[PDB]
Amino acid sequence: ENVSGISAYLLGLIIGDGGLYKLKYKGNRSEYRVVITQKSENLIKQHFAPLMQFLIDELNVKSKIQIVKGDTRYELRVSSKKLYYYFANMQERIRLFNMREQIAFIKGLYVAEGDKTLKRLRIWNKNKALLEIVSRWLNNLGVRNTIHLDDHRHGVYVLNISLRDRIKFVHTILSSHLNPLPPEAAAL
C-alpha cells in the first residue's frame, strides 16, 4: 500500500527515538504530540520530515511538521490528535503487521535503537516484549537471533542478530525497496 509501509517505518523511529505524548495543560488545555528526536539536523529535515509530510498529506491532517532545536538533539514534532491516535492504534495492533509492515518497522527500529556500525547487528530497548515480537518476526524471516539483558544498570535488553545471517539481514530488511530506504542502506 506504501502508506502502510511508511507508517510502520515511521512508527519504528517513534518508538525508538521518540514517542507519543498525550499532554494535559492549565487548563483544561491539552495537546497530542507525535515526536521523533535525532542529533543530526540533516537526517530529520531530509529523511524523516519528508516521509512524515507525505503521511500527513495522505491522511488530510493539517498539523504542520515542527522541527525544534534542543540542547542535545533536534525534535521532529507533529501536534495532532488524529496523528497521535493513528500511531497509538497502530502500536496496539502491532502483532497483526503483515510482512511488508514487519520489514518496515524493523528498519526504522534499527535506525533508531540499532548498532549503526553494522560490525555487530544489535538493537537495544527496555521493552522486552517488543523485542520478543521482533525476534519472532526475524526468525520467520530466517534471521537467527537472541535476547539477553545487556545492561544490568538500567535494565536494557539487547536483541543480537546472529552474524551467520548478516547478509540475509542487511540485504532483505535494511535494504528493501518496497518501503522507505534507511540512512546507510541507500548507499550501499
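The numbering used is simple: start at 1 and walk along the sequence shown.
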| item | value |
| --- | --- |
| Of 163-171 and 16-24, the stretch whose C-alpha atoms average the higher B-factor in the entry | 163-171 |
| Higher-B stretch (mean Cα B-factor, as the entry records it), 30-38 or 128-136 | 128-136 |
| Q46 - Cα temperature factor, lowest/middle/highest third of chain | middle |
| CA B-factor placement of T117, once the chain's modelled residues are sorted into thirds | highest |
| Third of chain Cα B-factors occupied by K81 | lowest |
| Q53 - which third its CA temperature factor falls in, relative to the rest of the chain | middle |
| Third of chain Cα B-factors occupied by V143 | highest |
